[PDB]
Protein chains: 2
Amino acid sequence: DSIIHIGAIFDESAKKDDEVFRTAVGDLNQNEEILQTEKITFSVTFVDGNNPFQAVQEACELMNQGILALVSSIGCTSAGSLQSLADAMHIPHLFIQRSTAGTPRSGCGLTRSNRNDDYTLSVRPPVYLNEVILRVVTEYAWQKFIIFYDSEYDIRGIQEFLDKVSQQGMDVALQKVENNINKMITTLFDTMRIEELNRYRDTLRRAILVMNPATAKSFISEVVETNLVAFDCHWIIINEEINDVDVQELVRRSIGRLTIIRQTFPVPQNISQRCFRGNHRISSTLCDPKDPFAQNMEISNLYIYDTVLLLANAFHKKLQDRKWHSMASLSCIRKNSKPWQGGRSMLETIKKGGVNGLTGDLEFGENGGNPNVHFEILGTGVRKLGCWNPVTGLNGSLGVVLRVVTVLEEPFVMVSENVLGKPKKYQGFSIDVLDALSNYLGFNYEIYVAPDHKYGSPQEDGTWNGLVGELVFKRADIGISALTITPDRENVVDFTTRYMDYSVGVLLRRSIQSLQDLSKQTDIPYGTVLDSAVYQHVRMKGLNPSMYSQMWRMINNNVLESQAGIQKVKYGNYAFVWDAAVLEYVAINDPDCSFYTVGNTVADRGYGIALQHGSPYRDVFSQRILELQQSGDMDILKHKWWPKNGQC
Amino acid sequence: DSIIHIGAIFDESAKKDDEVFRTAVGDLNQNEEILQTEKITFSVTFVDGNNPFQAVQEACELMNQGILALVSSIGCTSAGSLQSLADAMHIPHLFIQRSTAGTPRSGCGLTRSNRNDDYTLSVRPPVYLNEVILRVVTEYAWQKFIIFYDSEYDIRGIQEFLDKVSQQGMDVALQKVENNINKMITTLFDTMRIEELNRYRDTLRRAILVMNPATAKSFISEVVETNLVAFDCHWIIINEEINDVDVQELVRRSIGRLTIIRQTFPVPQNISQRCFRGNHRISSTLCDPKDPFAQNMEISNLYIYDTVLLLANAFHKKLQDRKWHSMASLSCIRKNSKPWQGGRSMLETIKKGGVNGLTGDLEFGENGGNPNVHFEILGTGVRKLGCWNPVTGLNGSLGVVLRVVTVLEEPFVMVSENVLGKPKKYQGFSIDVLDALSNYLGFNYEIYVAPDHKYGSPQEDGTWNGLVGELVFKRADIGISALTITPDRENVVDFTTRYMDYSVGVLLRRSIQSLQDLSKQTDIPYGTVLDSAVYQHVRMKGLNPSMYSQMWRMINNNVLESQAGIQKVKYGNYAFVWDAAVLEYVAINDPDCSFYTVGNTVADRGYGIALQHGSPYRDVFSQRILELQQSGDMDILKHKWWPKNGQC
C-alpha cells in the first residue's frame, strides 16, 4: 500500500533524467534510515518540450492519479505553464531546466504571475553566465572582442553583460554561429573585401564562445583550417555542461590560448566517500567516476538524483512530526477544481530542506531557488587555473651573467656597432629574442662569436666544432643565432621551443611564383651552397618517396658558395636556393630592389636556442619563447626586420 | 436563436481591443449584405497575459460554451499555450500579438510543434524590424552606432540585424535604457573617466532607438538636457505603433536630425470612402481621423476590427455554399476530449479569406500569416521622406557671380594675400562658410570690403551706411562677415540662419573664471569699446530687470576704442570686454600666450549672413548653413581657426 507517490514530466530528450530518476527511487527504497517502512512510487510521462498544453494535460493526469509533488525536467517553453498550474493546484513543482542540445542555459525570464504563491522550486542554480564572463574578461583586461553563440542560445542571457561592457567602452560584437559552419565562413569571403577581411581576423584574436561543446569543436576546427586564427589567438569558451571528453577534444583541436569555464560539483575525494552521503549508498553507475555512465551523465541527471533524495527527506520529516498530508485526486479546469489541501505545508517543508548529493549541498533560499553553484576555470595541455562561485567570487589568479655564443647572420645576429675604443655591440632578431628573455627572466649575458664562424659539424674525434662545439665544451651557456633544431644537434645540446619556422626559399630577378614554378623550368638554372645543409636537404627529399626530385635533378655545375648566389641573381640569370628568411631580408634591403623571394616550403625544422646539454634554463626559456609567440610579440619583432610595408 | 458564436481571450490591458471588438460586432449585425438573417454573438474574457494556464482554462470555458473560432489579443507569453490548444480542439485561433506597454514587437519565436496542423492564424504581419532598420542604416551609410532598447524589448528581434552589420564590419553597440533614466545617465558619470566620456558622446552622434514612444520622449529629453548630444546628432527611432501625438512631441523635444519609422495603414483618402469598405459602414469612432478615439486607437484595435469583418465574411461564405459546420460543446483534458469536427473546414475557409479594412487589405498566405505590412519614414518640423514595404522594398529617396560685401575681422574675414601685382585674396571662417555655399550651390562671387570698414549704423537720412547700407543700395548681393543678426538689420536686410553663436567675452591676464567673477571684483577694472554695440548691450541689460547691473556700474573712465583693450590687458591691469570669439582668437594666437578668455554669455544673437531685402537665395543659403551645422562640418571649420589643441 503506497502513501508516497510523486510525479514526473520529462521532455522527450530527457531519457537520462528518467533512468537516474528510477535509480534514485530504488536507492532510497533500500535506505532503511530514511522512510524506514514506506515505499516511494512514481508516475513518469514524457512530453514534447515545445508544447506547453501537452505538458499541462499530461501533468493534470498525474495530479488526477494523486501525487505529493511534481518534478519536471523540461525547457522554458513549458516551464511557464507548469509553474502556474502548480500554483493553482498547490502541487510542489521541483523544476529542473533543460537547455536544447547542451547549449548554454539562459534564465527563463518568466515574469511569472506573483499574485499567487509560487509553488515552483528551481532545483538548478541561477544562470550567472554574464557575471562569470564579466570577471574573466576583466582579469584578462580585454577591450575589443566578439561573442559567438550557436543557433540555440537565448541572447537575453547576456543582456546585462552587453550593458556592463558598453559602460566600460569595449568594442563587443556578437555573432551567431549558423548550424552550417562551412557555408558561413565561405559566405564571409564574398561579402567582405580583402582590405576588410583583415579586421575580422584581427578581431578574432580575442573571442568568447557561448555555445554547446559540439559547435565549439567544429567552429574551432573550421577557423583554424581556414587560418582566420593564429598562434596568438585567445578564445574563452564558457558553458555550464562541458564534460572532460569535450575538454580534451577542444584543446586537441585548438591552437593559441584557450580558457574553459564549466560548472563543477564539490564532492568528496575519498573512494569510500564518493558513493556515500552519510549512510546513503548511491548506485555505482552514478557516483563512480570510473564507470562509463557516470562520466556520460548530464548535469540534469545530477539534479534529478538530488531532487529525489530531497523529496524523500522532505517526506521523512513530515511522517516523523506526524503532520502528514495525504495525496488528493485533483481535477484541472473543472467546475469544482480545488487545490491540494496539504500543498502549502508540503511546500514549506521542502523549501526548508537540505541534502548532500551528487551536485553537492542542495538547499533552497527564501526566493525558492537553489543558491549553490560552482564554476571551474581551465586553461592551456590543459590545467585548472582557478575557481569561481557567487559568494567568494574569483579564486585562483589567472641577474646572473650567461655566456652566449652566436653566429653572425643578418638579420638574426649582426654587428650593430664596432667603433675603435668601444665594446662590440650586436643587433638583430635573435638578439631581440635574447633581450626579451634577459629582460623578463632577469639574467644578464655576455655575447661572443664562434671562433670559426660555424654553426657546427660533427668531427671524427667525437667533439663538435662551431657554435655547438662551444656548448659541448662548456665554453658558453646559451646559443643564440639562426640555429635550426636538428636531430644531430639535439643529441649533443638541449634545445628550447622554436621561436620561428625555417623555410627553404628562392631568390628571383624581377616570373617564378613558387618553388614548384622554380622546379619545372630550365630557362633559369638554380642551385644552393655546395654540400651545405640546404644542399643535402633538397637531396635527401628527392632520393626517397613532386618537385624535390625535379629540384635535385637540376642542381645536381650550377652550385656556388656563400654570397655569390645573391650576386649571381643580380648580375646574371640564376635562381638562388637558400634560407628563405635570409633571402627575404636580402630582397627587402636591396639598394636597387631588384629581387623577390618565392618558395616558403613546409617547415620541417625551425629556429631554436641551444643550451649546453642538461641546462636548467631550457624549460623556463621555452616558456617565455612560447609566451612571446602566443602573445604576438614575435610578430612585433618579426616585423622589425621583415616589414612587409613596401620599401621594395 | 444564435448559430454564430465566437470567442475572445484578452490580456487585461486590452480594454480597447474589447471595445472595438464589440463595436465591430454591432457594425456587422447592421450590415444586411453579409449574414443577412443571422446574428453574431460572442463570449469575451479578460486574462493575465503572464499566466499561460489561466489563458488555457478560460479558453476551454469558451470552447465549452461552443464557438466557431477563438480570437485572442495577448502577448507571446500565453500565445504558445493558445496555439497548441487550438490545434488540439480544432478551433481556428486568430492570434493578435500585443507588446507590453507599446514596446516594439518581436516575433514570438514559438518553434511551435509542427507534428499537428497549425490552427493559429497570425492576424498581424511579421516583424520586419531588422530588415527595415538594415535598409535605413544602409541608405545613411552608417558605420558606427549604438542601439538602445527599453526594458521591454526582446533583443532576439535584432539577432539577424546584429549578424548582418557584423558581416559588414560596423561598430554596433547595444544598450538597454533602464526604467530610471535620470539615475542611468548619472550612473555613467561615475564609471567613466573624463577622457573616456568623450567617446560615448561621439558614439551617440548616430544612435537607433528601438523603444516605445514614452521612453523615446524621456530618453531624448534627458540626453539633450545633459548635452550628451548636439546639433549634429542623427538618431533613428523605429517602432510599429507611434501615433502623431508622439511624433510631434519627439520632434519638439529633439535637436539635430531625427528619422521616425512607423507602420502605416493604406486606407482611402476621400471622406466618403473613409468609413465605407464596399457597402459596409464603420462606426465613426474608428474610421474618422477627426474623432478623438480614432486618433487614440491602438494598432491592435485595427486588427481586432478587421478580424471580426473577416470572420463574418468567412461565415457568410460557409452559409451560402451550404457547407456549414455547427458549433460543438468541447471539453479539455477529459477522458473523451474530442476535436471540433468542423474545425478543419472552417480553417480552410478563413485562411483563404480576404477583406478590406482599417488595416487595409487583410489576407492570409500559405504559412497562415498576414503578409501585408507598410512602414512610413519621417524626417526632420517633420515631413514624410519615403515608404517601405517588404515587396517593393524602399521607396522615396532619403555659376552666376554674386557681389559679396565684407568687413575685415579676424578670423572671420582677413586679407590672406596682398602682393603687388595680384588680386586681393581673403581667408577666414566667414570666407570658408561662403566657399562651402559657393561650392555646393554652384554660384561664384567677387568680394569687396565696405568703403568705411563699418558693419552699418542707421543714419538720420534713412539710408544705412557700412556693410548693411551697401546691401540697401543694391551695391552687393550677399553680406559675409562677423555680422550679428539684429532686429534693426533684419528690418532693412534679410538674414539667413545663424552659422555660429555670438557671445560677449572678457580677456584676462594670466584669476577670473567667468563674467560673474569679473563683475564682482574691483581689483581689475574692466571696460569695452565706448558707445559700441557691446557698450550698449551690457547697459540695456543692467537698466531693466544678477551681474549686468554690477557690470554696468563698473564700466560706467575705464573705456577705450579698438585694439587698445588687448594691449591694456597685455601691458597693464585691465579686463577687456568684447566679442568672445574675436578675443578667443586673440588669446590663442598670442605670440607670448599671456591671455585667457572667460565669459561666454548666453548668446541672445548669433552671426548671420545678410542679403539685400527680398533675396531669392536666403532660403537656400539657410538650408546649406543648416546642413553644415547638423552635419558637424561647422565644427570642422570652427576648429580651423579656434583649435583647442594647446598652442597657448
# chains A, B, ... in the order shown; residues from 1 in each chain; ligands from 1
>>> interface_residues(of="chain B", to="chain A", cutoff="6 Å", atoms="only C-alpha atoms", output="tab-separated table (two decimals) with N, CA, C and O atoms, in the first residue's frame")
chain	number	residue	atom	x	y	z
B	50	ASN	N	0.49	37.14	-18.43
B	50	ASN	CA	1.66	36.47	-17.88
B	50	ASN	C	1.36	35.07	-17.34
B	50	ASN	O	2.27	34.40	-16.85
B	52	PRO	N	0.01	31.60	-18.66
B	52	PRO	CA	-0.48	30.78	-19.78
B	52	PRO	C	-1.51	29.73	-19.37
B	52	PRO	O	-2.31	29.32	-20.22
B	53	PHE	N	-1.52	29.27	-18.11
B	53	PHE	CA	-2.52	28.29	-17.71
B	53	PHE	C	-3.89	28.94	-17.51
B	53	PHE	O	-4.92	28.33	-17.81
B	57	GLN	N	-7.30	27.76	-19.35
B	57	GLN	CA	-8.50	27.45	-18.59
B	57	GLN	C	-9.68	28.29	-19.03
B	57	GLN	O	-10.79	27.78	-19.22
B	81	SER	N	0.56	28.55	-25.54
B	81	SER	CA	-0.45	27.67	-24.97
B	81	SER	C	-1.73	27.70	-25.79
B	81	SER	O	-2.39	26.67	-25.97
B	113	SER	N	5.11	23.14	-32.13
B	113	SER	CA	5.07	21.74	-32.54
B	113	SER	C	4.35	21.59	-33.87
B	113	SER	O	3.13	21.76	-33.95
B	163	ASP	N	23.97	40.30	-36.84
B	163	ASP	CA	24.86	39.50	-37.67
B	163	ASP	C	25.17	40.19	-38.99
B	163	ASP	O	26.32	40.20	-39.43
B	175	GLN	N	22.49	48.91	-25.90
B	175	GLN	CA	22.38	49.43	-24.54
B	175	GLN	C	20.93	49.56	-24.10
B	175	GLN	O	20.16	50.34	-24.68
B	333	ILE	N	-8.96	18.22	-21.65
B	333	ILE	CA	-8.31	17.36	-20.66
B	333	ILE	C	-9.33	16.42	-20.02
B	333	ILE	O	-9.34	16.25	-18.79
>>> residues_around(residues="residue 561 of chain A", least_positions_apart="5", cutoff="12 Å", atoms="only C-alpha atoms", output="MDAnalysis selection string")
chainID A and resid 527:532 534:535 566:568 576:578
>>> residues_around(residues="residue 437 of chain B", least_positions_apart="2", cutoff="12 Å", atoms="only C-alpha atoms", output="JSON list (two decimals) with C-alpha atoms, in the first residue's frame")
[["chain", "number", "residue", "atom", "x", "y", "z"],
["B", 399, "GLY", "CA", 27.70, 79.60, -61.77],
["B", 402, "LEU", "CA", 27.38, 87.46, -56.71],
["B", 430, "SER", "CA", 33.24, 83.58, -42.75],
["B", 431, "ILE", "CA", 35.06, 83.01, -46.05],
["B", 432, "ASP", "CA", 35.09, 79.24, -45.53],
["B", 433, "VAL", "CA", 31.34, 79.24, -44.92],
["B", 434, "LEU", "CA", 30.99, 81.25, -48.14],
["B", 435, "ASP", "CA", 33.15, 78.78, -50.05],
["B", 439, "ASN", "CA", 30.98, 75.07, -53.79],
["B", 440, "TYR", "CA", 27.61, 73.35, -53.23],
["B", 441, "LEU", "CA", 25.11, 75.85, -54.64],
["B", 442, "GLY", "CA", 27.36, 76.40, -57.65],
["B", 443, "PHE", "CA", 27.40, 80.20, -57.62],
["B", 444, "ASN", "CA", 30.56, 82.27, -57.99],
["B", 445, "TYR", "CA", 31.37, 85.51, -56.20],
["B", 478, "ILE", "CA", 25.34, 88.92, -50.01],
["B", 480, "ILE", "CA", 29.61, 87.91, -45.33],
["B", 499, "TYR", "CA", 26.08, 79.87, -38.66],
["B", 609, "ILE", "CA", 24.62, 86.25, -43.50],
["B", 617, "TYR", "CA", 18.68, 82.90, -52.12],
["B", 618, "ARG", "CA", 18.06, 83.40, -48.37],
["B", 620, "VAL", "CA", 18.54, 78.00, -49.97],
["B", 621, "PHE", "CA", 21.51, 79.56, -48.17],
["B", 622, "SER", "CA", 19.77, 78.96, -44.84],
["B", 623, "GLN", "CA", 19.43, 75.33, -45.94],
["B", 624, "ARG", "CA", 23.12, 74.75, -46.56],
["B", 625, "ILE", "CA", 24.05, 76.61, -43.38],
["B", 626, "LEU", "CA", 21.67, 74.31, -41.50],
["B", 627, "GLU", "CA", 23.20, 71.24, -43.14],
["B", 628, "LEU", "CA", 26.77, 72.19, -42.26]]
>>> residues_around(residues="residue 413 of chain B", least_positions_apart="5", cutoff="8 Å", atoms="only C-alpha atoms", output="list in words")
residues 406, 407, 408, 426, 427, 428, 429, 430, 431, 481 and 482 of chain B
>>> residues_around(residues="residue 253 of chain A", least_positions_apart="3", cutoff="9 Å", atoms="only C-alpha atoms", output="MDAnalysis selection string")
chainID A and resid 217:218 220:221 224 248:250
>>> closest_residue(among="B:135, B:358, B:326, B:381", to="residue 287 of chain B", atoms="only C-alpha atoms")
B:358
>>> select_by_dssp(residues="segment 31-245 of chain A", states="strand (DSSP E or B)", output="PyMOL selection string")
chain A and resi 40-47+70-74+93-97+120-122+144-150+171-177+206-210+234-238
>>> write_last_selection(atoms="N, CA and C atoms", output="tab-separated table (two decimals), in the first residue's frame")
chain	number	residue	atom	x	y	z
A	40	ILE	N	8.31	4.46	-1.98
A	40	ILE	CA	8.02	5.56	-2.88
A	40	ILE	C	7.62	5.00	-4.24
A	41	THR	N	6.47	5.42	-4.75
A	41	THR	CA	6.06	5.09	-6.10
A	41	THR	C	6.00	6.37	-6.91
A	42	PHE	N	5.91	6.22	-8.23
A	42	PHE	CA	6.02	7.37	-9.12
A	42	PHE	C	5.25	7.12	-10.40
A	43	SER	N	4.94	8.21	-11.10
A	43	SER	CA	4.33	8.16	-12.43
A	43	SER	C	5.13	9.08	-13.34
A	44	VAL	N	5.72	8.51	-14.38
A	44	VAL	CA	6.62	9.22	-15.28
A	44	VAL	C	5.94	9.38	-16.63
A	45	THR	N	6.03	10.58	-17.20
A	45	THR	CA	5.46	10.87	-18.51
A	45	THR	C	6.47	11.67	-19.31
A	46	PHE	N	6.63	11.31	-20.58
A	46	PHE	CA	7.50	12.04	-21.50
A	46	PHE	C	6.64	12.89	-22.42
A	47	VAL	N	6.99	14.17	-22.55
A	47	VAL	CA	6.21	15.11	-23.33
A	47	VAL	C	7.14	15.93	-24.22
A	70	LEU	N	5.36	17.37	-7.94
A	70	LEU	CA	5.61	17.21	-9.37
A	70	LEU	C	7.03	17.67	-9.69
A	71	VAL	N	7.86	16.73	-10.14
A	71	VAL	CA	9.19	17.04	-10.65
A	71	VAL	C	9.09	17.10	-12.16
A	72	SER	N	9.58	18.18	-12.76
A	72	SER	CA	9.58	18.31	-14.20
A	72	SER	C	10.99	18.60	-14.67
A	73	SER	N	11.37	17.96	-15.77
A	73	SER	CA	12.67	18.16	-16.39
A	73	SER	C	12.37	18.56	-17.83
A	74	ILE	N	12.26	19.86	-18.07
A	74	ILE	CA	11.78	20.38	-19.34
A	74	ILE	C	12.30	21.80	-19.51
A	93	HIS	N	6.28	21.94	-7.21
A	93	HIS	CA	6.80	21.73	-8.56
A	93	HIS	C	8.31	21.96	-8.52
A	94	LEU	N	9.07	20.87	-8.50
A	94	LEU	CA	10.53	20.95	-8.48
A	94	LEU	C	10.99	21.03	-9.93
A	95	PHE	N	11.31	22.23	-10.38
A	95	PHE	CA	11.57	22.49	-11.79
A	95	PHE	C	13.06	22.38	-12.08
A	96	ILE	N	13.41	21.50	-13.01
A	96	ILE	CA	14.78	21.33	-13.49
A	96	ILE	C	14.81	21.83	-14.94
A	97	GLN	N	15.61	22.86	-15.20
A	97	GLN	CA	15.66	23.46	-16.53
A	97	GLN	C	16.61	22.68	-17.43
A	120	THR	N	6.71	26.65	-7.35
A	120	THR	CA	7.79	26.09	-8.15
A	120	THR	C	9.12	26.35	-7.47
A	121	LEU	N	9.90	25.30	-7.27
A	121	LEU	CA	11.25	25.41	-6.76
A	121	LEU	C	12.22	25.10	-7.90
A	122	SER	N	13.11	26.04	-8.18
A	122	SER	CA	14.13	25.85	-9.21
A	122	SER	C	15.28	25.06	-8.61
A	144	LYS	N	38.46	44.68	-26.77
A	144	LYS	CA	37.78	44.52	-28.06
A	144	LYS	C	37.67	43.04	-28.36
A	145	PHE	N	36.44	42.55	-28.50
A	145	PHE	CA	36.25	41.12	-28.71
A	145	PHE	C	34.88	40.89	-29.33
A	146	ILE	N	34.68	39.66	-29.80
A	146	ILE	CA	33.44	39.27	-30.46
A	146	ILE	C	32.89	38.05	-29.73
A	147	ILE	N	31.58	38.04	-29.50
A	147	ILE	CA	30.91	36.98	-28.75
A	147	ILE	C	30.12	36.12	-29.72
A	148	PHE	N	30.47	34.84	-29.79
A	148	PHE	CA	29.79	33.88	-30.64
A	148	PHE	C	28.79	33.10	-29.82
A	149	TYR	N	27.61	32.87	-30.40
A	149	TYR	CA	26.61	31.99	-29.81
A	149	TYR	C	26.02	31.13	-30.91
A	150	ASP	N	25.65	29.90	-30.56
A	150	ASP	CA	25.06	28.99	-31.54
A	150	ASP	C	23.61	29.38	-31.81
A	171	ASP	N	34.76	47.29	-27.34
A	171	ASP	CA	34.23	47.03	-28.68
A	171	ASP	C	33.80	45.57	-28.73
A	172	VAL	N	32.52	45.34	-28.45
A	172	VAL	CA	31.98	44.00	-28.29
A	172	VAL	C	30.97	43.76	-29.40
A	173	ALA	N	31.30	42.85	-30.29
A	173	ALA	CA	30.39	42.42	-31.34
A	173	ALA	C	29.84	41.04	-31.01
A	174	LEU	N	28.64	40.76	-31.49
A	174	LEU	CA	28.03	39.45	-31.35
A	174	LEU	C	28.03	38.79	-32.72
A	175	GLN	N	27.89	37.47	-32.73
A	175	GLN	CA	27.73	36.77	-34.00
A	175	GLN	C	27.24	35.34	-33.80
A	176	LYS	N	26.05	35.05	-34.31
A	176	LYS	CA	25.54	33.70	-34.26
A	176	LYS	C	26.35	32.80	-35.17
A	177	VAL	N	26.64	31.60	-34.70
A	177	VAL	CA	27.29	30.57	-35.50
A	177	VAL	C	26.18	29.70	-36.08
A	206	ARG	N	40.65	37.78	-29.89
A	206	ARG	CA	40.02	37.65	-28.58
A	206	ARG	C	38.54	37.42	-28.83
A	207	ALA	N	38.07	36.19	-28.65
A	207	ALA	CA	36.68	35.84	-28.89
A	207	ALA	C	36.16	35.01	-27.72
A	208	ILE	N	34.85	35.03	-27.53
A	208	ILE	CA	34.18	34.27	-26.48
A	208	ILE	C	33.16	33.34	-27.11
A	209	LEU	N	33.25	32.05	-26.80
A	209	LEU	CA	32.33	31.06	-27.35
A	209	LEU	C	31.28	30.68	-26.31
A	210	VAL	N	30.07	31.22	-26.45
A	210	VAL	CA	28.94	30.82	-25.63
A	210	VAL	C	28.08	29.85	-26.43
A	234	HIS	N	43.32	34.16	-28.48
A	234	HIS	CA	42.90	33.83	-27.12
A	234	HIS	C	41.39	33.75	-27.11
A	235	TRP	N	40.86	32.54	-27.04
A	235	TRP	CA	39.42	32.31	-27.02
A	235	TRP	C	38.99	31.82	-25.65
A	236	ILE	N	37.81	32.25	-25.22
A	236	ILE	CA	37.22	31.83	-23.96
A	236	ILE	C	35.95	31.07	-24.30
A	237	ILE	N	35.88	29.82	-23.87
A	237	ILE	CA	34.67	29.02	-24.01
A	237	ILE	C	34.06	28.89	-22.62
A	238	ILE	N	32.78	29.23	-22.51
A	238	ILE	CA	32.06	29.14	-21.25
A	238	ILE	C	30.73	28.45	-21.51
>>> closest_residue(among="A:320, A:533, A:201, A:313", to="residue 280 of chain A", atoms="only C-alpha atoms")
A:313
>>> residues_around(residues="residue 299 of chain B", least_positions_apart="4", cutoff="10 Å", atoms="only C-alpha atoms", output="list in words")
residues 17, 98, 102, 124, 240, 241, 242, 243, 263, 264, 265, 303, 304, 358 and 359 of chain B
>>> atom_distance(atom1="atom CA of residue 526 of chain A", atom2="atom CA of residue 588 of chain A")
20.6 Å
>>> select_by_dssp(residues="segment 94-343 of chain A", states="alpha helix (DSSP H)", output="MDAnalysis selection string")
chainID A and resid 129:139 161:167 181:191 194:203 213:225 244:253 284:287 292:295 299:320 343
>>> write_last_selection(atoms="C-alpha atoms", output="tab-separated table (two decimals), in the first residue's frame")
chain	number	residue	atom	x	y	z
A	129	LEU	CA	26.99	33.46	-17.19
A	130	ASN	CA	27.03	37.26	-17.56
A	131	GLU	CA	28.70	37.59	-14.14
A	132	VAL	CA	31.34	34.90	-14.73
A	133	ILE	CA	32.15	36.08	-18.24
A	134	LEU	CA	32.48	39.63	-16.90
A	135	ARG	CA	35.08	38.60	-14.31
A	136	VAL	CA	37.13	36.66	-16.85
A	137	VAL	CA	37.34	39.48	-19.40
A	138	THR	CA	38.18	41.89	-16.57
A	139	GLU	CA	41.05	39.71	-15.36
A	161	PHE	CA	26.83	41.79	-19.85
A	162	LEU	CA	26.41	43.82	-23.04
A	163	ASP	CA	25.44	46.82	-20.93
A	164	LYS	CA	28.34	46.49	-18.47
A	165	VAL	CA	30.91	46.29	-21.27
A	166	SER	CA	29.31	49.20	-23.09
A	167	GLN	CA	29.55	51.19	-19.86
A	181	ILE	CA	29.59	26.42	-40.44
A	182	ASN	CA	31.34	25.54	-43.73
A	183	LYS	CA	28.90	27.77	-45.61
A	184	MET	CA	29.20	30.57	-43.05
A	185	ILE	CA	32.95	31.10	-43.35
A	186	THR	CA	32.62	30.65	-47.12
A	187	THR	CA	29.84	33.27	-47.06
A	188	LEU	CA	32.05	35.78	-45.23
A	189	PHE	CA	34.55	35.74	-48.09
A	190	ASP	CA	32.01	37.03	-50.63
A	191	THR	CA	30.69	39.90	-48.51
A	194	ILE	CA	40.40	41.75	-48.85
A	195	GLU	CA	41.06	45.04	-47.06
A	196	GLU	CA	38.00	44.47	-44.85
A	197	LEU	CA	38.88	40.84	-44.10
A	198	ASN	CA	41.97	41.57	-42.00
A	199	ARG	CA	39.87	43.36	-39.39
A	200	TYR	CA	37.81	40.22	-38.81
A	201	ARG	CA	40.97	38.11	-38.44
A	202	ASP	CA	42.30	40.74	-36.03
A	203	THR	CA	39.08	40.82	-34.00
A	213	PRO	CA	30.68	21.83	-26.96
A	214	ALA	CA	29.64	20.27	-30.29
A	215	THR	CA	29.53	23.59	-32.13
A	216	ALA	CA	32.57	24.66	-30.10
A	217	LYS	CA	34.57	21.77	-31.57
A	218	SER	CA	33.50	22.29	-35.20
A	219	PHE	CA	33.76	26.08	-35.02
A	220	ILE	CA	37.29	25.97	-33.58
A	221	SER	CA	38.44	23.44	-36.19
A	222	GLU	CA	36.81	25.36	-39.03
A	223	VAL	CA	38.55	28.67	-38.27
A	224	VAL	CA	41.94	27.01	-37.70
A	225	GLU	CA	41.80	25.21	-41.05
A	244	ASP	CA	36.12	16.14	-19.95
A	245	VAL	CA	35.76	14.33	-23.29
A	246	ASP	CA	34.83	17.71	-24.78
A	247	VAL	CA	37.70	19.44	-22.97
A	248	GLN	CA	40.37	17.20	-24.49
A	249	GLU	CA	38.83	17.49	-27.96
A	250	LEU	CA	38.68	21.29	-27.68
A	251	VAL	CA	42.33	21.50	-26.61
A	252	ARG	CA	43.42	19.00	-29.27
A	253	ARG	CA	41.59	20.97	-31.97
A	284	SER	CA	27.81	2.75	-8.67
A	285	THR	CA	26.70	3.86	-12.16
A	286	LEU	CA	26.22	7.45	-10.90
A	287	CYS	CA	28.87	8.14	-8.22
A	292	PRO	CA	31.31	4.95	-18.27
A	293	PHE	CA	27.75	6.08	-17.46
A	294	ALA	CA	28.79	8.39	-14.61
A	295	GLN	CA	31.25	10.08	-16.97
A	299	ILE	CA	24.16	17.85	-15.37
A	300	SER	CA	20.38	17.43	-15.29
A	301	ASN	CA	20.96	13.83	-14.18
A	302	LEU	CA	22.75	15.04	-11.06
A	303	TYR	CA	19.92	17.38	-10.09
A	304	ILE	CA	17.33	14.68	-10.79
A	305	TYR	CA	19.11	12.47	-8.27
A	306	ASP	CA	19.43	15.11	-5.56
A	307	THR	CA	15.80	16.10	-6.18
A	308	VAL	CA	14.50	12.64	-5.26
A	309	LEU	CA	16.86	12.48	-2.26
A	310	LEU	CA	15.49	15.84	-1.09
A	311	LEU	CA	11.89	14.70	-1.64
A	312	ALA	CA	12.43	11.57	0.46
A	313	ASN	CA	13.96	13.63	3.28
A	314	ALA	CA	11.12	16.14	2.99
A	315	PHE	CA	8.71	13.19	3.23
A	316	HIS	CA	10.66	11.62	6.10
A	317	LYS	CA	10.33	14.74	8.25
A	318	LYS	CA	6.60	15.06	7.57
A	319	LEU	CA	5.96	11.50	8.76
A	320	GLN	CA	8.15	11.85	11.87
A	343	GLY	CA	0.29	21.59	-0.66
>>> atom_distance(atom1="atom CA of residue 143 of chain A", atom2="atom CA of residue 641 of chain A")
28.8 Å
>>> atom_distance(atom1="atom CA of residue 100 of chain A", atom2="atom CA of residue 157 of chain A")
14.4 Å
